[PDB]
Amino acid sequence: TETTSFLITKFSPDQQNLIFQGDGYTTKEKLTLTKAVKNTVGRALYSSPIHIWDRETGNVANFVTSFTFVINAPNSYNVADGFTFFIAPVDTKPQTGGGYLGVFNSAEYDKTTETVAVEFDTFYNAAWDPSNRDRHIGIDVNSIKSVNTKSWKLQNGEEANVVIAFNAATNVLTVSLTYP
């Protein structure tokens, strides 16, 4: 049995158990992935590799993660591109920016990426996003075209509290977001 756990309730200026990429940085109290600037990428990873499945027993991990995030757009109706929690190989580096959320490269399924992501997408990208043009939550598997999505109404400057969980027995990944 292997267990990995952690809790960060408030971020410190030196936050050594995270790995920063792109413009990712912490301050007193929060982790800023991107500032409100055009054409930028911020990523932040947890330091330690996580054992998520074992080829020898065939077992898969049950996991649960939860976080509070804020999106702050200065033009409230012109918002892009989004935020994702992702799971990727240990050596993961920033992928394509903009509508690719720093985690993918393609709107086609790519076995080489080995990345599952849960997106909170704020910008409609005609080439792959829901035709209904709504901002959305989505489950991405080796592609920026999500396998499933849900429309979500953004609350600018408001704290979303998210819980994501994965059940090893059924293989269902559950996502919930809540605003107060």
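Numbers for residues come from their place in the sequence shown, where the first is 1.
In this entry, 20 to 28 shows the higher mean Cα temperature factor of the pair 20 to 28 and 159 to 167. For the pair 66 to 74 and 116 to 124, the record assigns the higher mean C-alpha temperature factor to 66 to 74. Among 131, 34, 151, 48, the highest C-alpha B-factor recorded in the PDB entry belongs to 131. Per the deposited record, the Cα B-factor of residue 88 falls in the lowest third when ranked against the other modelled residues of its chain. Among the modelled residues of the chain, residue 174 sits in the middle third by CA temperature factor in this PDB entry. Per-chain ranking of the deposited C-alpha B factor places residue 96 in the middle third.
When the CA B factors of the chain's modelled residues are split into thirds, the value for residue 107 lands in the highest one.
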